[PDB]
Structures are given as structure tokens and as C-alpha cells.
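> Numbers 5 to 289, 304 to 873, taken from the authors' numbering, label the letters of the sequence shown in order.
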Amino acid sequence: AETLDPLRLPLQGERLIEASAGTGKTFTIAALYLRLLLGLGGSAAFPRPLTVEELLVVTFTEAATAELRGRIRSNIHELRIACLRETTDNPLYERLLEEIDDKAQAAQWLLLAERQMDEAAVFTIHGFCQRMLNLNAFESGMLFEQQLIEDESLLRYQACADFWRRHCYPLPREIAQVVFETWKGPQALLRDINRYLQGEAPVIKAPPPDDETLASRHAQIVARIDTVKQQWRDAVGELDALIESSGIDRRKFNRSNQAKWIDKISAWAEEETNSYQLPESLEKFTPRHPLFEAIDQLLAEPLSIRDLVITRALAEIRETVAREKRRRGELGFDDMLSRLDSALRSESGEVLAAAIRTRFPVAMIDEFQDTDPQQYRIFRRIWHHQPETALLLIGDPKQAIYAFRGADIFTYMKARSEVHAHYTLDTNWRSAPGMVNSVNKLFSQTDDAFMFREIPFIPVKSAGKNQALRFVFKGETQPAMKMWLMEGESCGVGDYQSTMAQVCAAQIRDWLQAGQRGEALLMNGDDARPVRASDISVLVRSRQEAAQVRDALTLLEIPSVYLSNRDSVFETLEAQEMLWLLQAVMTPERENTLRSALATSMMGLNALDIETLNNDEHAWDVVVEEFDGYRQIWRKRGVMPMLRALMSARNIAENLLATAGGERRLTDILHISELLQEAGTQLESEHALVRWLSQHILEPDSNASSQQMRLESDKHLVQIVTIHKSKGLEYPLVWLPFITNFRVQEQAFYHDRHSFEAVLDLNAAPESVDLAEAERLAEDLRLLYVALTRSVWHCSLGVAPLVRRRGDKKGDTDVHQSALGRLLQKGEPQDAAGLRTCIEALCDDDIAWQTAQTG
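Right under this line is the structure:
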């Protein structure tokens, strides 16, 4: 928990660096890169310098690699020029030039290092292991050349149905009835358990016996049922119950339910009228016989077959996929890391790690918050010992928002329980000092607020050059942070949407109308500018809500675009029109299939046009005859030139340029044409392509090339983006309507508080449910920290005293169940008055509160 400078850190052993939000995380790593390349840093520096072919740096996303490499090249080039000129401007290069020992030697090393940049080691994890196993694959025993693959979902869908054929068809009717009850198809079976198939298989609490069979489990459940069914009929007939002060005579109804129930065993559910078998109920409504407490012993254990069938399918699906991939010899990202881990698990791990230690005596990892225990095991085993080799980890406990992307947060604390060097940056460079003070104060309410004693938020300071940043509104300035609050004792999600969307649209319209006349200005000191559409954005949670926000925004005639959409282009009507046009040009014989193509909107005709086209045989035959030659041009030329020729011949580019909003319809045609060229060469039959188009119509695959390009990313519009894509993107101003709403998790999945192993529990354990809920609340607070960043001038949000309970006025609100409610109520059942007092207790001149009316 110390400070940090790039020229002071001793580069030995294992070090962990946490640089908070708005630090940059790039201006430091290049400085340390040059520090290792030139071997400076006093006695604390490395014993010997290195070369560019030894400094391995691994990030995760694809686009960051080239950007980091280009910034590195610019930095080393500028450092070389500044070293040859002995006069710099950047203070970092100034202090480095102060620390230079021999300028000629440094310049010679930079000359010999810059020209070797083209092969420097910057990779992703998959690329790193791909380039390491093909280097030393003797211990692994894998093939030299392989064909990669990504559409493993269809393989898993085949495998689960293959299992479901053999483990359901020979089953008898009485066994299969319970199977049919809980779910019907292997499609739903795969949909239920898909989320655990990828990555590392989890340890299952309370495993079934190794040779246990569904018939044996059914027999065991029957043997537990029928004893209490039949031997209790020995005990029926005697009214041993004593009427207490709350003793109800309806006990005979529950006794008669047993007599009605014990005939057959063809069902599976027990009678719900067995509630009063608690022995404590003597003063409520002595046990005097053990059956009245063995009934509750039976009731305490739920009866189901899912606990067996899930594990039995989960082993064999993974086994069958891993064995079926062998006969084709393909490869996958999941399989490659497992192969490398297995090669470590073999006896030759010491030999395999010695070569890696010799080759790369360093490692740097960016965005460490997305790591798996497998990867951390690899890193720990390779670099947990053996001095003269160091390891620098850089990441953030916050912004870890990839829990569904196979990224575990507990491995970070597991690493921090072993490493023992912690440093933190202080500067921000981006936001206003008032905003920094407010975001420090609001998270400085209660200590260890992240529900964890391992993530302590510490204050940070702003920059000395952004202190002149102000946001004014008709003269005087404006508070940086501001809540908005409902009016009413109780409220619902419908009110939460309907009032606040209208209110937010009203305030955005007020800003848009005011700033166009020079009323409100954004100045850094004196240099001001008005507010436009581009400098106004909003942040949301999910997609289904966004229709409300878009409609409320466009009701006041405001251009709204939803940048978060990853929709396939094949969904729109352009694909339908292209299919119709290709079908009609393949078969131009019939009148119906040709007038179907000419009746499309893109040809642009009218009722009189079609009516004249029907009765005029000559003008009909002209259009018939042009397709006769067009089909021959199609056969001779492939796909693309005819899509160019029919584009040019009818001259429909200027039609969609003249018609407003037609550019979105135009761009999708060109994108579809570029999509067709990867199939028009590998396939030749004209039947195959028109079959292929209708084949992909029914399946919107989520490939990155299938999404829609931006129609106008060039001018001033209003942006609506989600939290997950908001990482790293700066905005001037932003709103936040839906920060109060939340959804409770109910699926049993939790990590151990000591071993940190992702253990999955089949049976419903309330302790595990509570641990999972605590982890989910920590994730939501991390989301809140992500959301309350990247606002250089001002951002604002609303809040409601929403209750999830059915009866409203009980005095027990459910705000503290959410993330922001814990920040104000600190785990207290409250109401509007108490929440109001908590809001205005800390309301002083930076935070300003306000009431919100439905206007």
C-alpha cells in the first residue's frame, strides 16, 4: 500500500501494481519497457540489460496489441532523438536523460533495437501458447500443423442429443415419466447446463456413487417412500393428538389425506399436508412415537434425478467432444491451454519450464482482472521461484466485469495472498477536482464497502491543470454529481421507467435547446464551447429496456442510435429482397416470380407502374429479355459483377440518396455483397448459393463479420451504449437512469471462502445461496464503480425507493438489497424519510439533491 514512480521500483521477484480508474495504464508500461531495455534504475535495477526478443508482454484483446506496439515504437524513436539532442520536453524523458550514463552506448543500443521491432514478442494467451507448443512440442506430443475451429456449439448440440438417444430410449415408462416432468428435450437440456461445459470443469459437492444407476436410485426412493406409506397405516386410527389453545380440529383432514394417499406409487410428489410433524408444536397447536419425526426426516431430503443425470451427462459430453475432435485432427482455444497444462502436469514439467525460463526471463501481463486459475497455475509454477527472473503483474481488482466470460475474481485475491508488494497511483489527468472529491466522498462512507476485506478503496487526487474546468448554466456553475428521487411512499418498475425516461428526455432537451444559443458553456478557464449532440450520451444496463429510452428520446424529435447492437445483417429485409432478386434472375421464366422481384421496394415502382407493366406485353418482354442475358452474365462472371451491374443499370443509388433514411438500406446491400464473395468462390453451383442464403436466414449466427456496420459514424449524433462496451471510452457528459434496479440471482454457484475453488452444489444449500448473493452484490458494486467514471465535466443519475415486496407499507424497503442502497442505508430497513435524511446528511455544495416530479 505504497506510492509508485517508474524510476524507483526494484525489478526483482514478483510485484503487483494496482493503478486505479483514470490512470492510463500505458504511459507507465512503456517507461518500464524502456527501463528494462536500457538497464537503468540504480542498484535496484536488473543485473543485466536485455534485447527486444526477450521481453514478452501478453494482453488479452486483439486491438490493444498493435496500439501498444505503435506507442512503444514512437516512444523509443523519440527517446533516441532526445538522447542524440541532449534536450527534451517531457519530464519523463528529462529524468531519464538525467539518469543516462553513456549517451553513445544508449544510442547504439536504441539503433540496434529499433530495427528489430518487427518480430518483438507481444501476444495474446492463445497466440503465446500456439507459438510455444510448436516451438517445443516433443513433451506435448501434438501435431505440428492443425486447422483451428470456433463453431463448437453445434458439436456440443450433436453430442448431447447423441447421449439423450442412448440414456432415454431404453428407459421404461415409469422411470422416464419423472424425466419428462422436469424437462422435455435435449435442446433444453443443453440450454440448462451449457454454461459449465466450457473452461475448467467444477468440483461437484455430494457426488453420486460411481456405479449408481437411474433404476437403482428409483428403487432407493421407492424403498424410502413405501415404508412410511405402509407402516404408518399401523399407526393410523388412534387420535393421540391433544387440542391445545390453538389446537385446530382440521388435523383429521391431514390424517385423512394420508389414507387417501397411500394406494399407489405411480406419482412422485408427497402430500403437502405434513407440515405439523415438527415435535415442537405441542405448545403451538411430546412426540410419543418416532414416526412423527421420521416423516420430517423424509421431508428434509428432496427427491430428484437431476442431481445424477446432470453429472452423468456432463462427463460424457466433454469426453465425446474431446474424442471426436481427434479423428478430424482440428484444434480449439479451450483444448490448447488444457494440452499445455497437461504437459506441465507430466513429469517433464521441470525440463519444459527450464527452456521457457532461459528464453523469456521476464513477463508482463496487462488487464489482469480477467484471469483463470489454470493460467495462474501456469504462471505460478513457471515464475514462483528461480531468481535472476522477475515477474510484474499489473491489473485492477475493480472493473472485473467478465464473470460470464470465464474470468474469475477470486484468483486475484489468491495471488495477492502470495505476492507481498502493493503500489498505487494517485493522479487522474481527466476529470474535474470537484468530481474527484465527490467520488472519493461517496465511496468513503463505510470501510471495506466491497463486501471483502481484500479490496480497500483509497482516495486519489486530481490533476493541477484541470482545476479550471467548469460547467456553467446561465452564469453560475453547476454541481458535478446529483441524484434525482421519486415522490411517493412506494413505487414500481413501471413508474421507474415511465417517469424517469420522460424526465431525462426533458432535461436533455433543455440542455440541447439552451446550449444552441450560447447559454450553457464548457470552458477550461476561459476557452468555452456550446454543447452538442455528440457530447451527450447515456449508460444503461440491458437491451429490453432500451426501447423505452429510445421512444421517449425520439418523441421530442431527437436523433437516437443504439450503438450496442450486435444484430446480424441477415435479419433485415435486405436479405429477403436479395434472395428474391437472385431467385428471379436464376428463374426468369414465369411471370409471377419476375413480378415478385419487380414488386420489391428497392426497384421503386408504384401502382400505376405495375398496372402498366401488366398490360403492356412489349415493355414486359423487354424486362423478360434483359434477364435472359443477365443470367448468362451471372454464369460467366460469378457473383459480384452482376450485383454491380444491376446496381448501376436501374440507377437506384441516387434513389436511396434522394429518399430520406435510405442510406441504412443501401449500406446493407454492399455489406451482403461483400459477404457473398467468401462463398461464391469456394462454391460454384447456383443452387448451392440460393440454398445457402435461405439456410443462413433461419440462423442468425453471432460471428463478428455478421454484424451491421455504422451508417453514419461521422457527425454529431446521440449515443446510447451499455456498460460492457463502455470500458475505456471517455465521455464529456453522461446520464444514468436505471442504476437503482436489480435482479436477484437464484442459481447455485459459489466459490469457497478459503480454497477459492469454484465448487458447484446440486442440492439447494441456503448458505451457498447467500455466499453467491454476496459475490453478486460485489459484482454489482464493481459495475457501479465502472459506471461512475469517464465524466470529465459532469454526470448525473436518479434513484428510487423501489420495493420488491408485494405489500407496500410495511416499513421494510428493499433498496439495501441493491448496490447503491448499501451505500446509503448501510443495511437498514428504511423508508422515504430516512433515505431523505441520509441523502441530505452528506449534501454539501458538491453533491446537490433534488426532487423529481412527473413533468
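Here a beta-carbon is modelled for each residue, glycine too, at the ideal position from N, C-alpha and C.
What are the start and end residues of the alpha helix (DSSP H) that includes residue 489?
Along the sequence shown, read from residue 1 onward, the residue named residue 489 stands at position 471. No alpha helix (DSSP H) contains residue 489, which is instead part of the beta strand (DSSP E) from 487-489.
> Which value, in whole angstroms, describes the spacing of the CA atoms of residue 243 and residue 304?
Taking the sequence shown and counting its residues from 1, one reaches residue 243 at position 239. Taking the sequence shown and counting its residues from 1, one reaches residue 304 at position 286. Looking at the two C-alpha atoms, the distance is approximately 14 Å.
> Where are the beta strand (DSSP E) runs, 3 residues long or more, that stay fully inside the region 563-592, in chain order?
Within the region 563-592, the complete beta strand (DSSP E) runs of at least 3 residues are 578-580.
> Let's see if you can read the secondary structure: which residues bound the alpha helix (DSSP H) around residue 851?
On the sequence shown, position 833 is the one that residue 851 refers to. From DSSP, the alpha helix (DSSP H) with residue 851 extends over 850-859.
> By DSSP, does residue 503 sit in helix, in strand, or in coil?
Numbered from its first residue, the sequence shown carries residue 503 at position 485. The answer is strand: DSSP assigns residue 503 an E or B state.
> Please report the residue range of the alpha helix (DSSP H) in which residue 613 lies.
Taking the sequence shown and counting its residues from 1, the one referred to as residue 613 is at position 595. Residues 609-616.
> Which same chain residues, not among the five before or five after residue 71, have their C-beta less than 7 Å away from its C-beta?
Here the question's residue 71 lines up with position 67 in the sequence shown. Taken in chain order, the list of residues that qualify is empty.
> Measure the C-alpha to C-alpha separation of residue 674 and residue 810 and round it to an integer number of angstroms.
Here the question's residue 674 lines up with position 656 in the sequence shown. Here the question's residue 810 lines up with position 792 in the sequence shown. So the two alpha carbons sit approximately 40 Å from each other.
> Compute the beta-carbon to beta-carbon distance between residue 631 and residue 739, rounded to the nearest angstrom, for a pair I have assumed lies under 8 Å.
Numbered from its first residue, the sequence shown carries residue 631 at position 613. Numbered from its first residue, the sequence shown carries residue 739 at position 721. The pair is not a contact, with the Cβ atoms about 47 Å apart (cut-off 8 Å).
> State the beta-bridge partners of residue 753 as determined by DSSP.
To locate residue 753, count along the sequence shown from 1; it is residue 735. Note: residue 753 sits in a beta bridge opposite 556.
> Do you know how far the Cα of residue 281 is from the Cα of residue 265?
Within the sequence shown, the letter at position 261 stands for residue 265. Within the sequence shown, the letter at position 277 stands for residue 281. Between residue 265 and residue 281, the C-alpha separation is close to 17 Å.
> Would you list the residues sitting across from residue 412 in a DSSP beta bridge?
Along the sequence shown, one-based indexing puts residue 412 at 394. Per DSSP, 21.
> Answer yes if the region 846-866 comes into contact with the region 818-834, meaning at least three C-beta pairs across the two stretches below 8 Å, and no otherwise.
The region 818-834 vs the region 846-866: in contact.
> Could you check the C-alpha separation between residue 428 and residue 791 for me, to the nearest Å?
Position 410 of the sequence shown, counting from 1, holds the residue named residue 428. Position 773 of the sequence shown, counting from 1, holds the residue named residue 791. Computed Cα separation, rounded: 15 Å.
> On the DSSP bridge assignment, give the partners of residue 737 in chain order.
Locating residue 737 in the sequence shown gives position 719, counting from the first residue. Beta-bridge pairing links residue 737 to 555 and 579.
> Entirely within the region 345-373 and at least 3 residues each: give me those beta strand (DSSP E) ranges in chain order.
Runs found: none.
> If you draw a straight line from the alpha carbon of residue 204 to that of residue 139, how long is it in whole angstroms?
As a first step, residue 204 is located in the sequence shown; it is residue number 200 there, counting from the start. As a first step, residue 139 is located in the sequence shown; it is residue number 135 there, counting from the start. The alpha-carbon atoms of residue 204 and residue 139 are separated by roughly 25 Å.
> When DSSP labels each residue in this structure, what does residue 154 get in the three-state scheme?
If you number the sequence shown from 1, residue 154 lands on position 150. Residue 154 falls in the coil class under three-state DSSP.
> Could you work out which residue in 393, 562, 870 and 347 is closest to residue 524 when comparing CA atoms only?
Position 506 of the sequence shown holds residue 524. Minimum Cα distance to residue 524 is reached at 870.
> Closer than 8 Å by C-beta to residue 520: which residues in its own chain qualify, once you throw out the five before and the five after it? Chain order, please.
The count along the sequence shown starts at 1 and reaches residue 520 at position 502. Contacts found: 570, 872 and 873.
> Does the pairing of the region 173-180 with the region 218-233 give three or more beta-carbon distances under 8 Å?
With a cut-off of 8 Å, the region 218-233 and the region 173-180 count as touching, because enough Cβ pairs lie within range.
> Taking the alpha helix (DSSP H) that residue 453 belongs to, which residues open and close that run?
By one-based count along the sequence shown, residue 453 stands at place 435. Run containing residue 453: 451-461, per the alpha helix (DSSP H) assignment.
> Quick check on residue 108: buried or exposed, where buried means 16 or more other Cβ atoms within 10 Å of its Cβ?
In the sequence shown, the residue the question calls residue 108 occupies position 104. Burial call: exposed.
> What does DSSP give as the partner residue(s) for residue 442 in the beta ladder?
Your numbering for residue 442 matches position 424 in the sequence shown. The partner list for residue 442 (beta bridge, DSSP) reads 22.
> May I have the straight-line CA-CA distance separating residue 536 from residue 441, to the nearest angstrom?
By 1-based counting over the sequence shown, the position of residue 536 is 518. By 1-based counting over the sequence shown, the position of residue 441 is 423. Going from the Cα of residue 536 to the Cα of residue 441 covers about 45 Å.
> In chain order, what residues of the same chain lie with their CB nearer than 6 Å to the CB of residue 780, ignoring the 5 residues before and after it?
Locating residue 780 in the sequence shown gives position 762, where the first residue counts as 1. Cβ neighbours of residue 780 beyond the five flanking positions: 325.
> What is the DSSP secondary structure of residue 59, reduced to helix, strand or coil?
One-based indexing of the sequence shown puts residue 59 at position 55. Three-state result, residue 59: coil.
> Which residue from 522, 288, 24 and 735 puts its Cα closest to that of residue 577?
Stepping through the sequence shown from its first residue, residue 577 is reached at position 559. When only C-alpha atoms are compared, the closest one is 735.
> With a 10 Å radius around its C-beta and 16 neighbouring C-beta atoms as the bar for buried, classify residue 446 as buried or exposed.
Here the question's residue 446 lines up with position 428 in the sequence shown. By the neighbour-count rule (16 or more Cβ atoms within 10 Å), residue 446 is buried.
> How long is the line joining the alpha carbons of residue 424 and residue 555, rounded to whole angstroms?
Walking along the sequence shown from the start, residue 424 turns up at place 406. Walking along the sequence shown from the start, residue 555 turns up at place 537. Cα to Cα, the separation comes out at about 30 Å.
> Identify the residues that DSSP records as bridge partners of residue 209: which are they?
In the sequence shown, counting from the first residue as 1, residue 209 sits at position 205. DSSP output for residue 209 lists 779 as bridge partner(s).
> Give, in chain order, every unbroken run of the alpha helix (DSSP H) that is at least 4 residues long and sits entirely within the region 642-671.
With a minimum length of 4 residues, the continuous alpha helix (DSSP H) runs that stay inside the region 642-671 are 658-668.
> Closest to residue 485 by C-alpha separation, out of 635, 452 and 724, would be which residue?
For the purposes of this step, residue 485 is taken as residue 467 along the sequence shown, with counting starting at 1. Among 635, 452 and 724, the Cα nearest to that of residue 485 belongs to 452.
> Applying the criterion that 16 or more other CB atoms from any shown protein chain within 10 Å of the CB defines a buried residue, is residue 288 buried or exposed?
Numbered from 1 along the sequence shown, position 284 holds the residue referred to as residue 288. Answer is exposed; the Cβ neighbour count stays below 16.
> Count the other CB atoms, across all protein chains shown, that sit within 10 Å of the CB of residue 686; report buried if there are 16 or more and exposed otherwise.
Mapped onto the sequence shown, residue 686 falls at position 668. Per the 10 Å Cβ criterion, buried.
> Could you please give the first and the last residue of the uninterrupted alpha helix (DSSP H) stretch that includes residue 182?
Against the sequence shown, residue 182 aligns to sequence position 178. Start and end: 177-186.
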